[PDB]
Structures are given as C-alpha cells and as structure tokens.
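Take a look at the structure below.
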Amino acid sequence: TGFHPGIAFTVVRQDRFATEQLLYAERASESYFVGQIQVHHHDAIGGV
Amino acid sequence: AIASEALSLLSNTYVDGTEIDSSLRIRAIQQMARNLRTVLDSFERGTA
C-alpha cells in the first residue's frame with residue numbers, strides 16, 4: 001500500500017566482456033626455420 | 001607387417017618435378033636393399 005521497511009536484501013550481477021593486455025616480447029624470437037616442401041594433390045571428378 | 005617404412009616411402013610423391021634428392025635416394029637405396037637382401041635370403045631358405 002504505502003510503506004517500505006528496512007529489510008536486508010542484495011543483488012548479484014555478472015559481466016561478459018573483453019580486455020587488452022601488454023607483454024614483453026624480448027629481442028630474440030623463436031628459431032622457426034623452413035625445411036623442404038610437402039604437397040598432397042588428388043583428382044576425383046571435375047577438378048583437382 | 002610394417003607401416004612406418006611404407007608411410008615414409010610413400011609420403012613424398014614429389015612436389016612438382018624437383019631434383020632427385022640424391023641424399024635421400026642414396027639412403028633409401030641402401031636401407032631397402034639391405035632389408036631386401038636378408039628378406040629374400042630368408043624366403044629362399046624357407047622355400048628350400
């Protein structure tokens with residue numbers, strides 16, 4: 001009707017977002033070399 | 001009954017018409033011939 005007491009209550013909320021971070025990449029990188037060439041081709045119908 | 005050797009032998013199938021890969025070809029010629037010599041010797045002994 002007209003009133004509002006001082007009872008105890010609480011609410012719970014959640015969030016779902018993204019964020020950006022910064023790190024140290026140093027100077028020397030990974031020794032990712034290249035070795036030979038690998039291929040795989042097969043023709044069944046129409047094209048290859 | 002062998003699968004690793006067959007997979008290694010059939011995994012190349014060339015790429016586009018490159019060189020013969022003399023080192024790999026020599027290694028394969030050595031290993032396959034060495035295996036086949038004793039394989040055929042055992043087969044001949046068994047048949048005899």
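Following the order of the structure tokens, chains are lettered A, B, ..., residues in each are numbered from 1, and ligands are numbered from 1.
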Next item on the list: Enumerate, as JSON, numbers by chain, the complete set of residues in chain B that a backbone-based DSSP assignment places in alpha helix (DSSP H).
Entry: {"B": [4, 5, 6, 7, 8, 9, 10, 22, 23, 24, 25, 26, 27, 28, 29, 30, 31, 32, 33, 34, 35, 36, 37, 38, 39, 40, 41, 42, 43, 44, 45, 46, 47]}
Could you list, as a short mmCIF file (atom, residue, chain, number, x, y, z; two decimals) with N, CA, C and O atoms, in the first residue's frame, the residues of chain A having an atom within 12 Å of chain B when counting only C-alpha atoms?
```
data_model
loop_
_atom_site.label_atom_id
_atom_site.label_comp_id
_atom_site.auth_asym_id
_atom_site.auth_seq_id
_atom_site.Cartn_x
_atom_site.Cartn_y
_atom_site.Cartn_z
N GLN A 36 62.23 -28.15 -46.56
CA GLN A 36 61.63 -28.85 -47.69
C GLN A 36 60.22 -28.36 -48.02
O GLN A 36 59.76 -27.35 -47.46
N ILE A 37 59.55 -29.03 -48.94
CA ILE A 37 58.19 -28.69 -49.35
C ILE A 37 57.36 -29.96 -49.37
O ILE A 37 57.78 -30.97 -49.94
N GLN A 38 56.19 -29.92 -48.74
CA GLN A 38 55.26 -31.04 -48.70
C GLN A 38 53.98 -30.67 -49.43
O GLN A 38 53.40 -29.61 -49.17
N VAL A 39 53.55 -31.54 -50.34
CA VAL A 39 52.34 -31.31 -51.12
C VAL A 39 51.51 -32.59 -51.12
O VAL A 39 52.01 -33.69 -50.88
N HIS A 40 50.21 -32.43 -51.38
CA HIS A 40 49.29 -33.56 -51.44
C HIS A 40 48.13 -33.17 -52.34
O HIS A 40 47.28 -32.36 -51.95
N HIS A 41 48.09 -33.73 -53.54
CA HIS A 41 47.05 -33.44 -54.52
C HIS A 41 46.38 -34.73 -54.96
O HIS A 41 47.03 -35.77 -55.09
N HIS A 42 45.07 -34.65 -55.20
CA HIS A 42 44.31 -35.81 -55.66
C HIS A 42 43.14 -35.32 -56.50
O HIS A 42 42.47 -34.34 -56.15
#
```
Nearest to residue B:28: which of B:43, B:9, B:48, B:1 is it, counting only C-alpha atoms?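 Result for the nearest residue to residue B:28: B:9.
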